[PDB]
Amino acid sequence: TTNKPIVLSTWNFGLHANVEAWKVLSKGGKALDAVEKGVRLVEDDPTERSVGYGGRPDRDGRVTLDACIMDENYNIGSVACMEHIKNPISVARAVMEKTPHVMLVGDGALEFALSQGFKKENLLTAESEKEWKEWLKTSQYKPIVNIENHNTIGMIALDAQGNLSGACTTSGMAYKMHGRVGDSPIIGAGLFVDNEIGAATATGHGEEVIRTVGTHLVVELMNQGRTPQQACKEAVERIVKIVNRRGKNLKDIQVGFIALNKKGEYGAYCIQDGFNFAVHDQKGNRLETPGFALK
């Protein structure tokens, strides 16, 4: 029994993102193409303020995006703190397929994007500019991650050929310091895929996922025999432990992991209730709610 093809994505918008990914997966397409197409839908959406176009800018009014992609054979691509390109996941894929490198950041990422035909566009919408200038009044940095805030999209899929791939794209924490980079474009942090084991992607307070190399841990736990759900659970618990050891309050932190193994089994776990993920397989597309640590 292998549940494939199957795609999982973070948060409620992962439901329609999944529909796009399924257009590829249901036709026997590659997982890599499916996750790229899936997350691009959100990058393009001006109303999704935490991914691509319309994403809230850093505290200086700059919309800088981070994204990384990983296919079924350890090929990886990443862009971080890149401006003016609506689809960082696609530039990430170009970094992976067209360069000797796996990660480009800032001006260099943009210059590369432009050299690859991507079009420079203004990603700061009127709404984001308005909210930003308003936030500037008191400049109180307090990133909240909940059902209605900082919903980064991570997507992982197992295609008909039984290959895994994943993509993660975000606009990062709203009003972050200029140049701040989270977990989303870091392989092993926001995303990790090993075709002989499984894949996992993360969302939430990036700093904490970077700190625990979250997705690599989830996949390594699955490598050790943990079910996808259990692997995610333990990774969350590791963050809970570290948050405690660092003298911080868990209520201020939200992280969710979703995972998939080679047999198409899947799971998820998060720190705080309110996190859902969308799962689409041959049975249909559904919004599911994993367990949470903070009770």
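Heads up: residue numbers just count along the shown sequence, starting at 1.
- Once the C-alpha B-factors are averaged per stretch, 45-53 and 252-260 rank with 45-53 first.
- Legend: mean Cα B-factor per stretch from the PDB entry, 119-127 versus 210-218; the higher mean is in 119-127.
- Each of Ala174, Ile76, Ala109, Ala189 has a CA temperature factor in the record; the biggest one is found at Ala174.
- Which of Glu134, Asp159, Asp183, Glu72 has the largest Cα B-factor in the deposited entry comes down to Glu134.
- Per the deposited record, the Cα B-factor of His150 falls in the highest third when ranked against the other modelled residues of its chain.
- Among all modelled residues in its chain, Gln140 ranks in the highest third by Cα B-factor.
- Annotation for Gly198: CA B-factor lies in the lowest third of the chain's modelled residues.
- Ranked within its chain, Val95 lands in the lowest third, by CA B factor from the PDB record.
- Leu114 sits in the highest third of its chain by CA B factor, as recorded in the PDB entry.
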